[PDB]
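Provide a 3D model corresponding to the input given below.
(3 chains)
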Amino acid sequence: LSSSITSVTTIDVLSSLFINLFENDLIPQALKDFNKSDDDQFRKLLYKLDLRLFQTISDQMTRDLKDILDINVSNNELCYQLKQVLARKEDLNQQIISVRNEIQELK
Amino acid sequence: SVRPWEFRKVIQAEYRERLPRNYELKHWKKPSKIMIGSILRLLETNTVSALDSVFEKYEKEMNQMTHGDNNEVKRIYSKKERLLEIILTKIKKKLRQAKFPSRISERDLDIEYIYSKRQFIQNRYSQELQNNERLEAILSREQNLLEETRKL
Amino acid sequence: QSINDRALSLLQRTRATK
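Residues are numbered from 1 along each chain as shown, chains lettered A, B, ... in the order given. And now the structure:
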């Protein structure tokens, strides 16, 4: 798994980057505004919209980057399986040649 | 000390937390346009989806705070759209300015690329498996012939 | 459910944007 590990890690780094941005910045600031807005019911609702908007985006970003990670990890395994089947193919070809050569000499 | 908007710093710290010290973390490069584009397309997709999601969920509360003025509701939708675009604009600016290890494959973040690669490698695997099935049969036929020949 | 299902769904959603 070492040839692809830095690329797989990149996907997790990005996912963590956006969880940090939304959950540890954008969403706390929207909360700080929404808790402070009990005098203006309109702005209270709008800050609530901000809250929900950032939380929805952040959760869905995490899901989509996990999708991308799962695809990559699955593809990498399939690529390695392909390498094995191709190694076996070359071996089967050589064995067929050797057995035919043997038949030719024993015939 | 590292603040969430300092993408270059966050990214380097996250790599260092996850992977041992070795060559891969020694050269660094600014990202490609398709990495930037793929990530911002994900963000935009989810931003539009969230906007529709959230405004539909709070439609009645909205319509009851605007006293039925749906024009004001479209205006608020546009205000929130603008807030999110200003955020996404800074995300794009800070990501363009960040650096990533040069050995990564940034195309791995592009769903179009990895989807087309997967379809191809699935097809290639199925073709090669069948070829090995056939070669196994041929080999078996030859090995039977050799056993008969060894016995003359 | 499947990885391909999830992949195609993401591909479709990103293409439908912009």
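
For the rest of this, base every contact and every neighbour count on C-alpha atoms.
Noted.

give me phi/psi at residue B:100?
Note on residue B:100: backbone dihedrals following degrees, to the nearest 10 are phi -130, psi 150.

bridging residues for it?
Taking DSSP bridges as the rule, residue B:100 bridges to residue B:29.

what's the spatially most central residue of chain B in contact with, if anything?
Central residue of chain B (C-alpha atoms, centre = their mean): residue B:109, 3.4 Å from the mean position. If a contact means C-alpha atoms under 8 Å, 6 or more residues apart in numbering or on different chains, then residue B:109 has A:11, A:68, B:35, B:38, B:39 as its contacts.

Let's see that with 7 Å instead.
Residue B:109 makes contacts with A:68, B:35, B:38, as judged by C-alpha atoms under 7 Å, 6 or more residues apart in numbering or on different chains.

Tabulate those (a markdown table), appending neighbour count, secondary structure and distance to chain C.
Output for the contacts of residue B:109, formatted as a markdown table (neighbours: other C-alpha atoms under 10 Å in any protein chain shown; DSSP: H, G, I helix; E, B strand; the rest coil; distance: C-alpha to the nearest C-alpha, whole Å):
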| residue | neighbour count | secondary structure | distance to chain C |
| --- | --- | --- | --- |
| A:68 | 25 | helix | 8 |
| B:35 | 18 | helix | 14 |
| B:38 | 20 | helix | 9 |
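
Which residue ranges of chain A form strands?
In chain A, no strands are defined using DSSP state E.

Spell out which residues of it are next to chain B.
A:6-7, A:13, A:17, A:20-21, A:25, A:42, A:52-53, A:56-57, A:60-61, A:68, A:72, A:75, A:79, A:82, A:85, A:89, A:92, A:96, A:99-100, A:103, A:106-107 (C-alpha under 7 Å from any C-alpha of the partner chain).

Could you report the neighbour count for the nearest residue to residue A:71 once chain neighbours are set aside?
Distance criterion C-alpha to C-alpha, 6 or more residues apart in numbering or on different chains; nearest residue to residue A:71, sequence neighbours excluded, is residue C:3 at 6.4 Å. Residues lying near residue C:3 (other C-alpha atoms under 10 Å in any protein chain shown) number 15.
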